[PDB]
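Listed in order, the protein sequences are those of chains C, U, X and F. The first sequence begins at 133 in full-length UniProt numbering and counts up one residue at a time. The second sequence begins at 154 in full-length UniProt numbering and counts up one residue at a time. Mind the numbering: the third sequence is residues 2 to 32, 35 to 123, 136 to 159 in full-length UniProt numbering, read in order. The fourth sequence begins at 3 in full-length UniProt numbering and counts up one residue at a time. Heads up: the structure comes next, in structure tokens.
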Amino acid sequence: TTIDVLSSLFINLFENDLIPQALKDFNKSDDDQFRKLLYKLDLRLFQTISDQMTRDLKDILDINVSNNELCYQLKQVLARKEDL
Amino acid sequence: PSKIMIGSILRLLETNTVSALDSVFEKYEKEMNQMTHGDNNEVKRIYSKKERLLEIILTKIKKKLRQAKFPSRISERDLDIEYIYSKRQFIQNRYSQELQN
Amino acid sequence: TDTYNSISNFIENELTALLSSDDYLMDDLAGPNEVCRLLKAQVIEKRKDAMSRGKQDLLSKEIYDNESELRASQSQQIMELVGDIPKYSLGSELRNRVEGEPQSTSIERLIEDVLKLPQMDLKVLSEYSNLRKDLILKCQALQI
Amino acid sequence: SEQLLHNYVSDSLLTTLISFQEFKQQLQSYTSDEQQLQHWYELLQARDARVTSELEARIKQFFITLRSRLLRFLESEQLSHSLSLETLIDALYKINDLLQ
Numbered sequence: 133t134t135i136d137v138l139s140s141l142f143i144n145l146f147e148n149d150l151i152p153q154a155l156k157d158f159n160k161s162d163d164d165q166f167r168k169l170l171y172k173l174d175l176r177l178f179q180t181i182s183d184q185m186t187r188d189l190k191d192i193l194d195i196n197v198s199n200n201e202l203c204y205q206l207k208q209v210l211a212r213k214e215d216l
Numbered sequence: 154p155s156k157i158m159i160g161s162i163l164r165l166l167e168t169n170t171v172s173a174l175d176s177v178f179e180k181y182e183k184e185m186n187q188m189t190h191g192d193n194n195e196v197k198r199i200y201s202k203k204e205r206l207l208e209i210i211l212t213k214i215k216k217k218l219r220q221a222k223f224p225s226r227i228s229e230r231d232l233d234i235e236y237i238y239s240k241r242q243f244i245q246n247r248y249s250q251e252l253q254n
Numbered sequence: 002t003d004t005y006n007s008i009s010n011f012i013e014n015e016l017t018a019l020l021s022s023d024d025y026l027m028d029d030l031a032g035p036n037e038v039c040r041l042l043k044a045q046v047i048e049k050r051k052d053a054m055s056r057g058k059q060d061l062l063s064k065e066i067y068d069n070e071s072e073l074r075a076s077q078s079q080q081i082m083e084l085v086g087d088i089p090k091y092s093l094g095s096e097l098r099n100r101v102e103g104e105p106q107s108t109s110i111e112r113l114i115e116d117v118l119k120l121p122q123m136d137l138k139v140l141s142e143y144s145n146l147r148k149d150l151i152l153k154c155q156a157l158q159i
Numbered sequence: 003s004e005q006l007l008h009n010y011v012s013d014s015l016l017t018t019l020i021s022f023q024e025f026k027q028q029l030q031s032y033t034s035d036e037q038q039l040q041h042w043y044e045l046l047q048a049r050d051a052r053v054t055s056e057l058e059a060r061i062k063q064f065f066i067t068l069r070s071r072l073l074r075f076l077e078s079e080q081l082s083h084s085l086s087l088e089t090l091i092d093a094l095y096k097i098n099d100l101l102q
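The structure is reproduced here in structure tokens:
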């Protein structure tokens with residue numbers, strides 16, 4: 133009853149809070165390579181977190197639906213076995 | 154919201170985030186060293202500083218997620234990507250062998 | 002066989018993993036950080052559901068159907084070729100002795116089996144015919 | 003089905019997914035120059051080919067390699083249903099010895 137509230141809230145959190153947090157810090161640090169670094173790796177971490185959780189939540193949904201779907205096709209295969 | 158539900162989300166959030174943190178560190182390590190003076194120790198210290206800061210954020214999510222209304226029925230045994238991926242592999246093998254028979 | 006698993010692995014790793022990670026590789030090649040950050044947006048969101056596990060499973064199933072039909076035809080066009088006699092067309096004693104020790108012997112069974120042997136390389140055919148005729152004469156001589 | 007995979011990989015190319023004018027306008031608010039964009043786009047075509055040619059090689063070898071194992075697998079069972087006439091003569095010789 134709350135699956136795409138949960139995933140949407142997580143995805144919303146990353147682009148709304150995480151991504152700008154490192155992005156603004158990454159933008160600010162042009163004077164300091166070592167701090168601009170920490171913020172660039174944080175920005176890459178938050179971008180990869182963004183894309184990774186987006187298609188990982190897509191993956192939990194897709195794996196669930198495709199598992200049910202493959203179960204049904206397996207029923208079909210068993211029916212063929214019985215006929216033979 | 155059930156403590157089991159809150160935890161199961163926390164396990165997904167924390168475990169996935171660290172898997173992003175270690176993966177990005179090793180993926181980008183080639184452009185990491187020239188400006189950390191090539192010190193893997195400093196990289197580890199840099200990891201620790203961001204780990205606690207990420208934990209500070211993650212704990213911020215926890216103490217804000219705990220009051221977020223959720224049910225209790227969803228199982229923690231299925232709320233993990235790797236387990237359902239292994240299930241995908243298992244059913245795939247079942248499918249193939251049944252077809253050939 | 003389990004060729005469905007083979008094609009599934011091929012599409013998921015050799016193709017889907019390759020090009021999905023090639024999105025990130027094109028990202029790294031273009032950088035111009037925001038270039039790649041956008042590159043991962045519009046082509047990928049035009050790519051959505053064309054690389055889903057559902058779509059991968061569907062296309063792999065289609066490929067499996069194609070290959071199964073093709074190998075079925077390939078088997079069908081070799082069912083008929085036999086440069087030999089087939090099994091079940093020769094008496095029990097012969098189909099036993101030819102492949103293993105019969106575990107028992109009976110001369111009467113042997114003669115009423117060898118009397119059934121049909122007419123037919137050319138040297139094998141010649142020795143077959145001569146040996147069979149000699150054997151028929153042998154059992155006739157017995158009976159007499 | 004080599005052509006199926008060839009179509010899928012050709013469809014999956016980024017250059018296939020974005021035209022130049024398309025490629026321009028998502029990047030128009032961002033990049034500086036059309037010709038500089040074209041450099042990446044002609045790079046995008048001059049690049050997106052060599053994977054395609056590489057992708058052709060692996061799908062081609064993939065589809066023929068499985069055909070080889072299927073064929074020999076199918077051929078093997080036929081050997082269990084036919085009897086070598088030479089072995090039949092090998093048996094008939096000893097049968098004649100018994101009768102003798």
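The beta carbon of each residue, even a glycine, is placed where N, CA and C say it ideally should be.
Mapping the DSSP letters down to three states, classify residue i as helix, strand or coil.
i	result
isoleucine 91(F)	helix
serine 3(F)	coil
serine 21(F)	coil
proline 154(U)	coil
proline 35(X)	coil
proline 89(X)	strand
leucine 210(C)	helix
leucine 15(F)	coil
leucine 85(F)	strand
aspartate 194(C)	helix
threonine 170(U)	helix
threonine 67(F)	helix
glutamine 220(U)	coil
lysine 51(X)	coil
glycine 191(U)	coil
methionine 185(U)	coil
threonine 133(C)	coil
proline 121(X)	coil
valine 53(F)	helix
Evaluate residue i with the Cβ neighbour count: other Cβ atoms within 10 Å of its Cβ, from every protein chain shown; 16 or more gives buried, anything less gives exposed.
i	result
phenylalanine 166(C)	exposed
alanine 93(F)	buried
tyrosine 32(F)	exposed
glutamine 27(F)	exposed
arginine 100(X)	buried
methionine 27(X)	buried
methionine 123(X)	exposed
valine 85(X)	exposed
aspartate 116(X)	buried
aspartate 99(F)	exposed
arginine 226(U)	exposed
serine 9(X)	buried
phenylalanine 146(C)	buried
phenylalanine 142(C)	buried
residue 33(X)	In the model as presented, chain X runs from 32 straight to 35, which leaves residue 33(X) without coordinates.
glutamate 37(X)	exposed
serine 155(U)	exposed
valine 46(X)	buried
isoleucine 66(F)	exposed
Is it true that the CB of residue j sits closer than 8 Å to the CB of residue i?
i	j	result
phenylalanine 64(F)	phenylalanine 11(X)	yes
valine 197(C)	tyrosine 248(U)	no
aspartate 60(X)	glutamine 250(U)	no
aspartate 188(C)	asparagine 169(U)	yes
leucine 177(C)	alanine 173(U)	yes
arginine 74(X)	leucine 6(F)	no
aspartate 157(C)	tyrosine 171(C)	yes
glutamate 142(X)	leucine 113(X)	no
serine 7(X)	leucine 68(F)	yes
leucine 120(X)	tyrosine 95(F)	no
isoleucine 110(X)	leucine 87(F)	no
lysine 90(X)	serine 84(F)	yes
(request) Give a yes or no on contact between the region 156-172 of chain U and the region 225-237 of chain U, applying the rule of three or more CB pairs nearer than 8 Å. (result) yes
(request) Determine, using beta-carbon pairs with one atom in the region 74-88 of chain X and one in the region 7-22 of chain F, whether at least three such pairs fall under 8 Å. (result) With a cut-off of 8 Å on Cβ pairs, the region 74-88 of chain X is not in contact with the region 7-22 of chain F, counting fewer than three such pairs.
(request) Determine which residues of the region 187-206 of chain C have a Cβ less than 8 Å from any Cβ of chain U, and write them out in chain order. (result) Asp188, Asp191, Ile192, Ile195, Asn196, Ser198, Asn199, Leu202, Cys203, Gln205, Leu206
(request) Please list the residues of the region 173-188 of chain C that have a C-beta atom closer than 7 Å to any C-beta atom in chain X, keeping them in chain order. (result) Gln179, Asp183
(message) Whether or not the region 182-190 of chain C and the region 183-194 of chain U are in contact is what I'm after, with contact meaning three or more pairs of Cβ atoms, one per stretch, closer than 8 Å; do they touch?
(response) no
(message) Does the contact criterion of 3 or more C-beta pairs under 8 Å hold for the region 43-57 of chain F versus the region 149-158 of chain X?
(response) The answer is no - the region 149-158 of chain X does not touch the region 43-57 of chain F, with fewer than three Cβ pairs under 8 Å.
(message) What are the residues in the region 69-81 of chain X lying within 9 Å of chain F by C-beta distance?
(response) Here the close residues are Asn69, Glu70, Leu73, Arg74, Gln77, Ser78, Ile81.
(request) Determine, using beta-carbon pairs with one atom in the region 235-242 of chain U and one in the region 190-204 of chain C, whether at least three such pairs fall under 8 Å. (result) yes
(request) Could you tell me whether the region 48-64 of chain X touches the region 96-105 of chain X, using the rule of 3 or more Cβ pairs below 8 Å? (result) no
(message) Please list, in chain order, the residues of the region 47-61 of chain X that have any C-beta partner in chain C closer than 8 Å.
(response) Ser55, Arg56, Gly57, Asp60
(request) Quick one: which residues of the region 74-86 of chain F get their C-beta closer than 8 Å to a C-beta of chain X? List them in chain order. (result) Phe75, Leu76, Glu77, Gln80, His83, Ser84, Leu85, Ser86
(message) Closer than 9 Å between beta carbons: that is the criterion. Which residues of the region 161-176 of chain U meet it against chain C?
(response) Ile162, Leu165, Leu166, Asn169, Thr170, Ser172, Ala173, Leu174, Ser176
(request) Select from the region 152-168 of chain C all residues with a C-beta closer than 9 Å to any C-beta belonging to chain U, and list them in chain order. (result) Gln153, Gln165, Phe166
(message) Please identify, using Cβ separations under 8 Å, the residues of the region 180-207 of chain U that lie next to chain X, in order along the chain.
(response) none
(message) Closer than 7 Å between beta carbons: that is the criterion. Which residues of the region 19-47 of chain F meet it against chain X?
(response) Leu19, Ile20, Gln28, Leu29, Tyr32, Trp42
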